[PDB]
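Before any questions on binding or motion, here is one chain by itself as structure tokens, the form deposited in one PDB entry.
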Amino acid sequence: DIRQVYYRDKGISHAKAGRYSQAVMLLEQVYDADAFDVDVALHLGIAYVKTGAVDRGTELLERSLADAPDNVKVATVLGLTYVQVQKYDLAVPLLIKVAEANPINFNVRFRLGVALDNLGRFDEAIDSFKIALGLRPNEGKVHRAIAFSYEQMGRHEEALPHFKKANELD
């Protein structure tokens, strides 16, 4: 009744503030597969991945994606998690769309780049990494990444400056 609004509101806040174990503990008690609340599943999703229950969290995020395919945050979080467990094929489409809608999100763009480079899509990797550098030109790590993407294409002339700049910072 008012039990559940309190558990939901608090559990979600736990998750948002990084208190992930406490979010699992509360939200496990509201989450109901058959009365599907997407905010609950999202944030219990997040909290399971964070607490090492990666499969259960992934599954909940997929189910949330099925329920709300236009929810950007579900897509962001599923996308990045897929990068984290090396499901780069699944990640790229979710991360392209998220980056479209949210151009100021550096990590998304960067993980997109890294996802592309692991699929061998180097030209697209490079274009994403350039976009990531427009947002943080100081990012050594992007520089090492784009350098390696070029080198993998045998474009060594283009790699070196990026290698140099990644050391100038590192």
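When you see a residue number, it is the position in the sequence shown, counting from 1. The term rigid core refers to the maximal set of C-alpha atoms that superpose within 1.5 Å between the two forms. Shifts are known only where both forms have a C-alpha.
Only in words, not in the display: the form deposited in another entry, which the text now covers.
Just one of the listed positions, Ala145, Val49, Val108, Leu133, moves its Cα by at least 2 Å between this form and the one not shown when the rigid core is held fixed, and it is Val49. With a change of no less than 3 Å, the CA-CA distance between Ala68 and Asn102 is smaller in that other deposited form than in the form shown.
In that other deposited form, the Cα atoms of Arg121 and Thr58 sit 3 Å or more nearer to each other than they do here.
When the two forms are fitted on their rigid core, the residues between this form and the one not shown that move as a run of three or more, each C-alpha shifted by 2 Å or more, fall solely in 36 to 70.
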